[PDB]
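Protein chains: 2
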Amino acid sequence: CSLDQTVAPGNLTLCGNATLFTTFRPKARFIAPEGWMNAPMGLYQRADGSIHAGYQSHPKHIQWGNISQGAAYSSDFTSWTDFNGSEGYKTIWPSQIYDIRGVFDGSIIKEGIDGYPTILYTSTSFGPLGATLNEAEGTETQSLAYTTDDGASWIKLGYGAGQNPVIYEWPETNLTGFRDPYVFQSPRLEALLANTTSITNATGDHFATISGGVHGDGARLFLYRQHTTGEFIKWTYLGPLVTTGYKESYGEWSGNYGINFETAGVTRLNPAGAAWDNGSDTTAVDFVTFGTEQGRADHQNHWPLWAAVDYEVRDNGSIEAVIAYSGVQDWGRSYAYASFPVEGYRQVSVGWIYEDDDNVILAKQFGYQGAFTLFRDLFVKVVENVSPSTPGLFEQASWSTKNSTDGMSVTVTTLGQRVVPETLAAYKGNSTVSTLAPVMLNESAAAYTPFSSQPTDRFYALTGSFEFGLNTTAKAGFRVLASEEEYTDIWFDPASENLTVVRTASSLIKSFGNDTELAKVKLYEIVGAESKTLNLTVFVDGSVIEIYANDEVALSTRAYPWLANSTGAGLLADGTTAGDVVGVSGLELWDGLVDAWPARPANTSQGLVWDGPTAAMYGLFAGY
Amino acid sequence: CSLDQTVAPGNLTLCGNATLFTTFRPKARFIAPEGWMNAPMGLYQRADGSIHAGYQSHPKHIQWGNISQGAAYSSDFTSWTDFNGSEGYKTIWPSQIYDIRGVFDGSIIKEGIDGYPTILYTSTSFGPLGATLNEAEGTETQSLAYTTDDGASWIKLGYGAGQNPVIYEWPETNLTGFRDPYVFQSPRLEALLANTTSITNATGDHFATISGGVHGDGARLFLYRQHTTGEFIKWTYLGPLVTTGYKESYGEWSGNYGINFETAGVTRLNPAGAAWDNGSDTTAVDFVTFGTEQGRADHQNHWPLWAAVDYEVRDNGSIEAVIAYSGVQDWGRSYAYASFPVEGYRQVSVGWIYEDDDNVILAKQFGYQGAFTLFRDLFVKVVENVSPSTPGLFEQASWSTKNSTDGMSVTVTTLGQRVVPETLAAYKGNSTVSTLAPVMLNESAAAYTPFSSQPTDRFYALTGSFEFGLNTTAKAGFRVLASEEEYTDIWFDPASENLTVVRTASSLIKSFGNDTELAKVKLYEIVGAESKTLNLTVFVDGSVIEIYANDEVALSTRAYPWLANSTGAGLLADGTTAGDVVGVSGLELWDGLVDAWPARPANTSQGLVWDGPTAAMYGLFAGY
Ligand SMILES: *[C@@H]1O[C@H](CO)[C@@H](O[C@@H]2O[C@H](CO)[C@@H](O[C@@H]3O[C@H](CO[C@H]4O[C@H](CO[C@H]5O[C@H](CO)[C@@H](O)[C@H](O)[C@@H]5O[C@H]5O[C@H](CO)[C@@H](O)[C@H](O)[C@@H]5O)[C@@H](O)[C@H](O[C@H]5O[C@H](CO)[C@@H](O)[C@H](O)[C@@H]5O)[C@@H]4O)[C@@H](O)[C@H](O[C@H]4O[C@H](CO)[C@@H](O)[C@H](O)[C@@H]4O[C@H]4O[C@H](CO)[C@@H](O)[C@H](O)[C@@H]4O)[C@@H]3O)[C@H](O)[C@H]2NC(C)=O)[C@H](O)[C@H]1NC(C)=O
Ligand SMILES: *[C@@H]1O[C@H](CO)[C@@H](O[C@@H]2O[C@H](CO)[C@@H](O[C@@H]3O[C@H](CO[C@H]4O[C@H](CO[C@H]5O[C@H](CO)[C@@H](O)[C@H](O)[C@@H]5O[C@H]5O[C@H](CO)[C@@H](O)[C@H](O)[C@@H]5O)[C@@H](O)[C@H](O[C@H]5O[C@H](CO)[C@@H](O)[C@H](O)[C@@H]5O)[C@@H]4O)[C@@H](O)[C@H](O[C@H]4O[C@H](CO)[C@@H](O)[C@H](O)[C@@H]4O[C@H]4O[C@H](CO)[C@@H](O)[C@H](O)[C@@H]4O)[C@@H]3O)[C@H](O)[C@H]2NC(C)=O)[C@H](O)[C@H]1NC(C)=O
Ligand SMILES: *[C@@H]1O[C@H](CO)[C@@H](O[C@@H]2O[C@H](CO)[C@@H](O[C@@H]3O[C@H](CO[C@H]4O[C@H](CO)[C@@H](O)[C@H](O[C@H]5O[C@H](CO)[C@@H](O)[C@H](O)[C@@H]5O)[C@@H]4O)[C@@H](O)[C@H](O[C@H]4O[C@H](CO)[C@@H](O)[C@H](O)[C@@H]4O)[C@@H]3O)[C@H](O)[C@H]2NC(C)=O)[C@H](O)[C@H]1NC(C)=O
Ligand SMILES: *[C@@H]1O[C@H](CO)[C@@H](O[C@@H]2O[C@H](CO)[C@@H](O[C@@H]3O[C@H](CO[C@H]4O[C@H](CO)[C@@H](O)[C@H](O[C@H]5O[C@H](CO)[C@@H](O)[C@H](O)[C@@H]5O)[C@@H]4O)[C@@H](O)[C@H](O[C@H]4O[C@H](CO)[C@@H](O)[C@H](O)[C@@H]4O)[C@@H]3O)[C@H](O)[C@H]2NC(C)=O)[C@H](O)[C@H]1NC(C)=O
Ligand SMILES: OC[C@H]1O[C@@](CO)(OC[C@H]2O[C@H](O[C@]3(CO)O[C@H](CO)[C@@H](O)[C@@H]3O)[C@H](O)[C@@H](O)[C@@H]2O)[C@@H](O)[C@@H]1O
Ligand SMILES: OC[C@H]1O[C@@](CO)(OC[C@H]2O[C@H](O[C@]3(CO)O[C@H](CO)[C@@H](O)[C@@H]3O)[C@H](O)[C@@H](O)[C@@H]2O)[C@@H](O)[C@@H]1O
Ligand SMILES: *[C@@H]1O[C@H](CO)[C@@H](O)[C@H](O)[C@H]1NC(C)=O
Ligand SMILES: *[C@@H]1O[C@H](CO)[C@@H](O)[C@H](O)[C@H]1NC(C)=O
Ligand SMILES: *[C@@H]1O[C@H](CO)[C@@H](O)[C@H](O)[C@H]1NC(C)=O
Ligand SMILES: *[C@@H]1O[C@H](CO)[C@@H](O)[C@H](O)[C@H]1NC(C)=O
Ligand SMILES: *[C@@H]1O[C@H](CO)[C@@H](O)[C@H](O)[C@H]1NC(C)=O
Ligand SMILES: *[C@@H]1O[C@H](CO)[C@@H](O)[C@H](O)[C@H]1NC(C)=O
Ligand SMILES: *[C@@H]1O[C@H](CO)[C@@H](O)[C@H](O)[C@H]1NC(C)=O
Ligand SMILES: *[C@@H]1O[C@H](CO)[C@@H](O)[C@H](O)[C@H]1NC(C)=O
Ligand SMILES: *[C@@H]1O[C@H](CO)[C@@H](O)[C@H](O)[C@H]1NC(C)=O
Ligand SMILES: *[C@@H]1O[C@H](CO)[C@@H](O)[C@H](O)[C@H]1NC(C)=O
Ligand SMILES: *[C@@H]1O[C@H](CO)[C@@H](O)[C@H](O)[C@H]1NC(C)=O
Ligand SMILES: *[C@@H]1O[C@H](CO)[C@@H](O)[C@H](O)[C@H]1NC(C)=O
Ligand SMILES: *[C@@H]1O[C@H](CO)[C@@H](O)[C@H](O)[C@H]1NC(C)=O
Ligand SMILES: *[C@@H]1O[C@H](CO)[C@@H](O)[C@H](O)[C@H]1NC(C)=O
Ligand SMILES: *[C@@H]1O[C@H](CO)[C@@H](O)[C@H](O)[C@H]1NC(C)=O
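Chains A and A' are the protein sequences, given in the same order. A prime marks a further copy of an entry chain. The numbering of the first sequence is the deposited numbering, which starts it at 42 and goes up by one. The numbering of the second sequence is the deposited numbering, which starts it at 42 and goes up by one.
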């Protein structure tokens, strides 16, 4: 094992555990100190204003198992500090018959048991568990724990009748899944159900969804309501909130609803952020966010989706959320998006970016797997004065259209996503910022044109506005993590409406994924404009490439170039001519970003361990 | 629910939880503070000379589940004090994937991990578990924990490769069971194996047996040897130590070997007590004690047995224990005998006495189930100058015979058992003792003759020597827990050699067991004697009746009379005439015994709880 990054990579599978720990590792985002991580969980803003973030964690292993909550906190979403207690950075772990198989995803009741922050989480025990297996009742239940020390530790309620687990009965038979309880308050849903509370007797101020589905018959999001305000044991099943069909797809802009939902949440937004009205705000829109499984051929069979919904009240005192339009939260290698309320009428969403090493070839050499996305403000994106001649506009696939009275313009509404401003400010202010001169891409443009200032390492952001003619067939974008031999190309092709990440040359190491990422991006053309504009922001952070377009479209992916000098960046141009010209302005390079974990040394590995021969005997965890 | 014990019992199933807590409860013996208990475990003499006793425990329930070690200590086997920590009187409990289904029986390595007392115990996880089920590897494993505070708490080794569990591979396929590790030192076995240690490489000073069997093919006791002295992770399987056949019986004096062994131990004794020689002591005998299951129609299908064995060394460096003769440790409602070494060359044995309420009709009303037997010194019982005309003597069923050179007398050898003298001294000294005049039972004897002094409650001991003619057909014994309407009759019938406990009138409450208990007792006739003698000692302790004959035969049973005045006692006579006379001498009543738990109040119930609907979902524990 040579770690010489000035020459071609050898056989890296000969390298020891965690010898590649720092080589590809993100520095500017939320990531566990070491080992395996997946879904964000237990997210809440604490009483002091700081953010508590939990995550599914398996320390000292590089595959999933004994799944626990690791945790950390931040005052600005950006610079983090690990909790440190008797179990290191873990704060909840398998410990009881009801959760011994894993402490799965959960969410926070801010004023819960004895007034303390309280987590409702999926407690798992033994038996087949999975959407393609024959799971039985009891294998997944829902349990409570509360914290008296602001998340340093959690106390579970006792096991038994009238205690944990608090939700255990399956609401319908033959479930594909029964997990990821999302607890939320909703003046909207309270108003809608106020005339039906005699039917159900459920009058609490908290609702909870549980994500699942029914074998052979598609996904389900089940709605529960807290039975009585101030009491947390009794949750009353109302009915299915979202019901989709077996591998149903709403279309090309909407992924696929698969067979089973995971990590679903419910929110209400308006153009400024989170909306807490009862229905009276006509600018507010109800949204569900959810993962689906087994409706996709790649990306671990996983789509992270969202849908705008219209609530209808059923006669039995339950709610049907009818999908009005349906989109994708991120088009790349990310999943398990969670959202939570933040002071100042915000709803903030964050997900998990998995690696691109699905055959587990270099995982042990890394000594870790996974990171978060950036934290994103959600809001209702409104585009005014849209031209009716925008191609495909009236499909209304992942957006809605409202015509003006005279029919000459359209108002477009969709889900907006943008990186939280605290992170953008910290990134820019801690970086060496190069404001770049605008560039006209025409007949003279090379395929690749390096920026006049270059990054110094694998931690940088790029921004640019690409102005295209309305009938262009040119392509343009950004190349990143680039030397002569390795590079990753981010292209937008307005003619096809496809944003792609071409990764055929991303790395000389052949074991990593190299498939082309793809997102659909609708350039809403403005009345009177003779051009259309793509605003692209790209974060490069170790191996993470995270792309944002027009505060709407997100695509997270991975690139693992070996060579030390595969850090460059610049503009891409294809089919630009004297007549078909792409104007690039607002160009900026932010070199360095922020050290997100200032108290951590560069190498936080503690080595890896094997569970031994009993792992295969129990059959629950891989063991490493 | 009336608790009026001056009138007939009502419907006691209407009574609340623990309303009958003190009614039938032993006071003078080891018993949990409340709830369910079964097998003794973790027995050892601590560095200060006191005795640590653990037991299988399920607090606040009256059926088995979440099985844990409860613990207490004593300086004299007799007066006890509970441990009190964060889990009350528990000191080890299910907490890891490998033991979450129950912390089963274990035994003590006195100088173990870092020099501390260390327990090797059966750690259980999920799956079918039982001799009549299709158990698989991993469901029962063996794990270590050690104590730095003399048994107040235990620290388990970590889960994983080279740590817990330390024994997990099945030594043969299709096991009926794989549990109850018994760790012991043996100069005897070390001497026997010293020429074979090149074959196995196992040279440690500790051995361990694991109890089990093979489906369709009888019970097995598997022998392991510590691989290296001073190291406790690696245990090397040598081979089967004891192999018996599917429901094989050695005869009427020997119970039945069933299909599977439980709680087996290995010891070496001589006439004084424990023997620690290498083979050189010609008076010493090797013994195995073991429970068997499914070889008995009643008594929960359980025989607590023992066998004298002769060790043979196999060519592969293992030991075969060939059964020389085979007996019964207790003939009544007891099981799960454990033995442990005690200072002064002693080996002390104690078991579990279950209730006689197998349909669980009044268990909740009790608020507890189970107690220990008394603690018993084991030794080699030697009877000299036995007459060759003793009937059945040369069957050598649960004893051995050695003829004198001239053939006119025999030396008989068997397992001796007697109550530890610390308990006998404390019982007598704290009791009101009535020394009773001898009684000749002849033609004038009533069926029942009350003693001239009577007990004052349900806590007393009786002793007597019954002298019978060599060809008697008379029966005699003791009646206990007696009023006019309820009583329990203990008979010996020398003609049949049967000691019985007749319980048809033991209680007016009909739900309790009433079957007749039976033990075989061999009166070894002495050369020149014109009579034969049965020395009988009976302990009455709440509902426990514990009978000892000739420091050899033990029979533990239960009686639950309702009436407050069912406490009397006296002599029984049947078929005694002018010519067939039974002489009773050495008669003593000890009224009161000892309060074994002086710090406990009379009612130590903490109520009972239900596990809720998930108990049936998990399918592991009854839930109550
Ligand atoms: C199989 O058996 C298992 C073992 O018995 C069983 O698990 C046990 O279940 C019981 C009953 O449900 C649990 O008991 C509850 O404990 C809660 C507190 O839990 C937290 O604190 C525990 C003890 O605290 C100390 O001891 C530790 C060990 O030494 C130290 O680390 C601590 O520093 C602390 O020490 C201090 O106190 C010591 C004495 O206790 C003292 O010596 C010392 O000097 C020092 O001062 C921890 O053990 C526990 O940790 C476990 O659980 C957490 C998750 O919760 C895990 O992360 C850990 O790994 C570990 O497994 C916790 O940190 C109590 O609050 C709770 O009390 C109340 O509830 C009951 C019934 O509802 C009431 O009777 C009672 O009044 C209390 O209610 C009142 O208070 C609350 C608010 O205060 C209020 O809301 C309520 O209305 C009311 O007013 C109860 O005692 C026990 O924790 C479990 N143990 C373990 C190890 O798991 C298991 O379930 C069984 N399984 C089956 C299937 O049956
Ligand atoms: C799923 O995840 C699970 C959670 O992570 C995981 O379980 C955990 O496994 C790890 C690794 O095996 C265990 O860690 C070991 O812990 C041993 C000590 O255990 C005992 O003490 C623990 C911590 O002590 C404190 O904290 C408590 C909680 O607040 C308090 O109650 C105590 O008072 C005490 O507080 C003091 O210390 C605090 C900081 O620690 C401090 O803040 C505070 O102020 C105060 O001063 C207890 O948590 C633990 O209790 C658990 O386990 C017992 C049974 O053991 C149960 O009865 C309990 O209910 C509970 O579940 C124990 O009481 C360590 O000795 C051990 O250390 C060593 O071994 C490793 C590796 O071999 C070495 O790296 C290290 O150097 C140590 O070795 C050295 O020392 C020893 C002798 O000292 C020597 O022999 C050796 O050669 C060497 O020199 C290790 O850290 C952890 O306990 C597990 N936790 C739980 C909750 O279960 C689980 O396995 C996972 N499952 C799967 C399938 O993967
Ligand atoms: C006395 O001790 C017992 C513990 O043994 C305490 O708890 C009770 O235990 C018994 C088991 O011994 C439980 O009986 C079972 O009950 C279920 C159905 O229960 C439902 O209906 C009840 C009646 O109104 C109700 O009390 C229950 O409510 C509790 O549980 C729910 C969770 O489900 C919880 O939300 C509540 O807060 C309560 O905790 C519940 O809704 C029944 O299905 C069982 O049937 C089996 O057994 C019977 C009898 O052998 C048999 O007929 C059936 O065929 C089947 O095999 C079983 O009867 C009882 O529910 C427990 N009660 C509780 C928890 O309150 C009890 O509290 C102690 N008493 C006191 C005064 O302390
Ligand atoms: C680096 O990180 C790893 C953790 O990932 C550390 O532990 C090793 O993990 C790997 C899994 O990643 C283990 O590999 C498996 O090994 C078993 C067979 O193992 C036996 O033989 C080994 C070789 O000499 C020996 O080391 C083992 O000894 C350990 O375990 C026993 C308990 O069984 C214990 O008593 C000892 O004390 C040791 O702890 C053991 O006897 C093999 O069956 C597995 O095969 C599967 O996977 C492979 C590869 O994909 C595949 O080919 C097979 O078909 C099958 O699917 C697997 O290879 C390895 O045993 C672990 N080693 C340990 C515990 O020492 C490792 O230590 C870290 N290194 C450093 C330097 O820190
Ligand atoms: O990487 C997930 C691994 O967990 C396993 C164990 O069977 O399956 C469980 C479950 O995990 C994933 O679910 C989520 C969101 O992805 O993660 C947590 C569990 O950590 C759970 O609360 C969430 O729903 C996965 O998406 C599911 O499909 C899996 O069924 C492994 O099979 C799997 O590799
Ligand atoms: O009363 C025992 C109850 O435990 C259960 C659970 O399946 O079975 C396990 C096992 O228990 C008994 O085994 C012993 C000695 O009797 O007790 C401990 C477990 O507490 C174990 O280490 C000992 O071997 C019982 O004799 C076995 O037959 C059972 O298989 C219940 O089924 C059972 O009622
Ligand atoms: C990068 O490094 C490689 C090998 O070390 C070298 O061949 C190449 O010339 C360097 N520079 C660029 C821009 O590729
Ligand atoms: C990181 O630390 C681990 C554990 O100490 C060590 O095994 C590994 O070799 C280190 N890796 C690097 C790149 O320093
Ligand atoms: C309410 O009605 C819906 C639609 O039929 C149904 O799916 C749901 O199960 C009902 N709620 C109940 C039975 O609580
Ligand atoms: C919306 O506007 C377009 C173009 O003016 C027209 O084709 C369509 O019919 C309009 N829809 C409604 C509801 O008026
Ligand atoms: C650098 O980043 C830190 C951590 O997020 C932030 O608090 C600080 O304001 C930043 N510095 C700037 C913007 O100059
Ligand atoms: C074509 O592009 C080059 C490079 O941006 C620029 O120098 C030139 O002005 C452009 N041509 C026209 C006609 O604008
Ligand atoms: C654009 O994307 C779609 C997938 O939505 C794909 O079918 C099509 O081939 C792509 N076209 C081009 C030219 O990239
Ligand atoms: C015992 O009590 C019962 C009922 O209280 C009574 O009938 C009987 O006479 C009493 N005495 C005896 C010795 O049975
Ligand atoms: C014993 O205590 C328990 C729990 O407090 C109580 O329920 C029960 O009625 C008491 N029984 C007696 C006989 O005092
Ligand atoms: C017997 O053993 C084998 C594994 O050695 C296993 O496949 C089989 O299921 C076991 N049980 C029976 C009933 O054959
Ligand atoms: C040693 O021989 C015995 C008798 O054949 C056998 O049962 C045992 O399994 C052998 N020991 C091994 C293979 O370790
Ligand atoms: C033992 O003694 C009896 C009676 O003297 C006799 O029947 C038997 O043969 C003797 N056994 C031996 C081995 O001498
Ligand atoms: C009474 O019993 C206690 C506890 O076992 C014992 O220590 C004491 O010696 C006894 N009293 C006597 C024999 O007088
Ligand atoms: C018969 O028994 C009675 C009672 O023990 C006694 O008084 C009498 O002496 C006995 N008869 C003879 C002949 O010993
Ligand atoms: C004595 O006990 C045996 C059981 O070993 C039994 O078969 C026999 O019937 C009993 N005989 C009498 C008279 O009690």
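Note that beta-carbon positions come from the ideal geometry of N, C-alpha and C, so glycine has one too.
| Item | Value |
| --- | --- |
| Selection of the stretch 132-148 of chain A' by Cβ proximity to chain A, strictly under 9 Å | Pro135, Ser136, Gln137, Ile138, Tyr139, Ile141, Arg142 |
| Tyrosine 223 of chain A vs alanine 249 of chain A beta-carbon contact at 9 Å | yes |
| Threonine 442 of chain A: CB within 8 Å of a non-hydrogen atom of ligand 10 | yes |
| According to DSSP, residues forming a beta bridge with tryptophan 347 of chain A' | A':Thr330, A':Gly368 |
| Per-residue contacts from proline 206 of chain A' into chain A (C-beta, under 9 Å) | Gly653, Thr655 |
| Chain A' within 9 Å of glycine 179 of chain A, Cβ atoms only | yes |
| Helix, strand or coil at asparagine 342 of chain A [DSSP, three-state] | helix |
| Separation of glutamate 231 of chain A from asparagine 319 of chain A, as counted between CA atoms | 8 Å |
| Per-residue contacts from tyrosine 209 of chain A' into chain A (C-beta, under 9 Å) | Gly653, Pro654, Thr655, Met658 |
| Nearest neighbour of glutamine 370 of chain A', chosen from A':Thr324, A':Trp317, A':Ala305 [CA to CA] | A':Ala305 |
| Residue(s) in a DSSP beta bridge with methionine 481 of chain A | A:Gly624 |
| 6 Å CB neighbourhood of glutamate 629 of chain A in its chain, flanking five on each side removed | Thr476, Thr504 |
| Whole-angstrom distance between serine 597 of chain A' and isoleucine 586 of chain A', CA atom to CA atom | 6 Å |
| Three CB pairs or more closer than 8 Å across the stretch 611-624 of chain A and the stretch 519-530 of chain A | yes |
| Where the stretch 166-191 of chain A' meets chain A: residues whose CB sits under 7 Å from a CB there | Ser166, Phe167, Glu178, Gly179, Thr182 |
| Assigned secondary structure, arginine 355 of chain A' (DSSP; H/G/I helix, E/B strand, else coil) | coil |
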